[PDB]
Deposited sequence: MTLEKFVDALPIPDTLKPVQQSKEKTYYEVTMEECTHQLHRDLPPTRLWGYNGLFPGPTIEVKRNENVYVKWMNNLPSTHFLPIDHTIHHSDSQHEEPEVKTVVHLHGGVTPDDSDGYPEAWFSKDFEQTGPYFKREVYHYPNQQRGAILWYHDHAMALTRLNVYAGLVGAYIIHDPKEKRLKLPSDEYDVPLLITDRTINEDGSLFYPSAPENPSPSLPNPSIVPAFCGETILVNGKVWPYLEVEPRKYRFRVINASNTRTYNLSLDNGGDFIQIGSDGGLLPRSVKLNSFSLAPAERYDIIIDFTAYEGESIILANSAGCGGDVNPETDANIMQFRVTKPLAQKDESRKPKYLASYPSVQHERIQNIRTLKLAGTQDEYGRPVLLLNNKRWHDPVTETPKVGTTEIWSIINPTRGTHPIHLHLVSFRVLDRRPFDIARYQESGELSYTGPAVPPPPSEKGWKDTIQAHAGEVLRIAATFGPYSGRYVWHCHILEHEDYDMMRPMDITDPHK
């Protein structure tokens, strides 16, 4: 396997506007097939990148900044990863950019059927605009952007179409959180890489049934190798002081459980939807696809040390000490550029619980699915296909409780577009009884969320054999959005549903 910790961690450059005034900011981003070295000992890898970069450029905006991005497809007309056409004259390569966590008008949200081919030559049925509009009228937070094209999301994202997007709220500057050079995004992506440096993505399940098509979708993908910011098991030289890290799980399937091998602590300051009400001291944390942890690590007491960011969560088996048990390495050997004037405050933001909202609707949803003509699992939300008439139709400005029942064998990270939400509780139930009769019989009391989940979330782990309850206010915009599992192999077949936020 590839030698760990021999490449420095890339810090994606911050994207510069094409045009900017007090009234609006304008960016242009072009998807390009490019080559990049993923490790010291590998030949360059063919990848798909925003502005030809993997990851894409980091976009930094202010709260309420009127931002426009023209996302353009200049990719080849044929994919380099295996497409399974059985899961859905249309072009082979379809793309659309979704700003994950964006409080965004529906035609700028990157609807899966709002895709476009090269030069916008062909467009999906929901396509409306070339230039996307992000008003950014939302809390300061770590967002990320990635491809969302119908039935191709697992492939386009794996190809390299991911990037970070940070909203800065000037009202939070007074907290004196680590900033600028000491505010670093970490986009974590697992990959399998061939000897010749080319990306590997499976064209079928291992030793497939002859009934299965070729290529065939797989229900999950676990990469052999871990990358951070487009480099295999990198090192980051750090100064002996406080750093803020924007930790993003940009992987297809893999969930991480992160810790420091010297026994050091993380201080979590934020979740998907922004700053937590109170900072939380953690020795470890779980991070499923699309979840974000905004953390401070204090290296002040660790000068000279090499500290591994370690992973204990298995993917299709136990972690391998020499491979996927490792994420990256910090080396506390960089000379101080300046006095550490940053803070790790306890009091950060308003509790979500301050705002009282009337519960307009309680929505019960089950995670299940079926089997197709080839014998493959088809994962479904409420046993409905993507193309079935819309059923999730919250009214604009109203608050709902969603009760998500998971009788399956694994965790699903459930994501809702547009909104961030509060976690209410999790409660275990009798799976066998539910699958037989449809009746919920609880096997224990409800468990309130841990401090890490007392803030705002947009992607939430729904564990096996539990009912998860969340509360969301559906606004400020009305329109056509989506909700889905963010395991991309599940999302594409077919664990995704439209979500209509309706106006009277």
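Enquirer: Ranges lacking C-alpha coordinates, please, mapped onto the deposited sequence and listed in sequence order.
Expert: Deposited residues absent from the model fall in 1, 90-95, 512-513.
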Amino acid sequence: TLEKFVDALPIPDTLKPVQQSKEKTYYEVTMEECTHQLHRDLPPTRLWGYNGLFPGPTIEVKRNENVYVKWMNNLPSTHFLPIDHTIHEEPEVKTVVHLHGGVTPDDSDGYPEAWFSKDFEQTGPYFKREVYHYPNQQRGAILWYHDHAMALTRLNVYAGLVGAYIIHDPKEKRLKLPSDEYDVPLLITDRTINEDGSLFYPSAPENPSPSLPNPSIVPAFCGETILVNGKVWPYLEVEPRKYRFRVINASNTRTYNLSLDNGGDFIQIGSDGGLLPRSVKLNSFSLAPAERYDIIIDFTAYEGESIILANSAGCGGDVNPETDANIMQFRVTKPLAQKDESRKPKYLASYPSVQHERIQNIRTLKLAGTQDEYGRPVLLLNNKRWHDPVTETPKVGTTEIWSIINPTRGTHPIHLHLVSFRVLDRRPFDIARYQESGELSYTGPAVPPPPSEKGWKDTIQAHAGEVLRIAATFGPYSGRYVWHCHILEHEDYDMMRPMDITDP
From here on, numbers count along this sequence of modelled residues.
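Enquirer: Quick one: across the other PDB entries of this protein we compared, is residue 89 left without coordinates in at least a third of them?
Expert: In at least a third of the other entries, residue 89 has no coordinates.
Enquirer: Comparing 483-491 with 9-17, which has the greater mean CA B-factor as deposited?
Expert: 9-17 has the higher mean C-alpha B-factor.
Enquirer: Would you tell me which stretch averages the higher CA B-factor in the PDB entry, 299-307 or 103-111?
Expert: On average, C-alpha B-factors are higher across 299-307.
Enquirer: Return the residue from 249, 268, 350, 138 that has the highest Cα B-factor in the entry.
Expert: Top of the list by C-alpha B-factor: 350.
Enquirer: Check the PDB entry and point out which of 253, 229, 262, 153 has the largest C-alpha temperature factor.
Expert: Highest C-alpha B-factor among the listed residues goes to 262.
Enquirer: Test of reading the entry: by CA B factor among the chain's modelled residues, which third contains residue 321?
Expert: Highest third.
Enquirer: Which third of the chain does residue 447 land in by C-alpha B-factor: lowest, middle or highest?
Expert: Highest third.
Enquirer: If you rank the chain by CA B-factor, which third does residue 245 end up in: lowest, middle or highest?
Expert: Lowest third - that is where residue 245 ends up once the chain's C-alpha B-factors are sorted.
Enquirer: Sorting the chain's modelled residues by C-alpha B-factor, tell me whether residue 84 ends up in the lowest, middle or highest third.
Expert: For residue 84, the deposited C-alpha B-factor lands in the highest third.
Enquirer: When the deposited Cα B-factors of this chain's modelled residues are ordered and cut into thirds, is residue 145 in the lowest, the middle or the highest one?
Expert: Bottom third by C-alpha B-factor.
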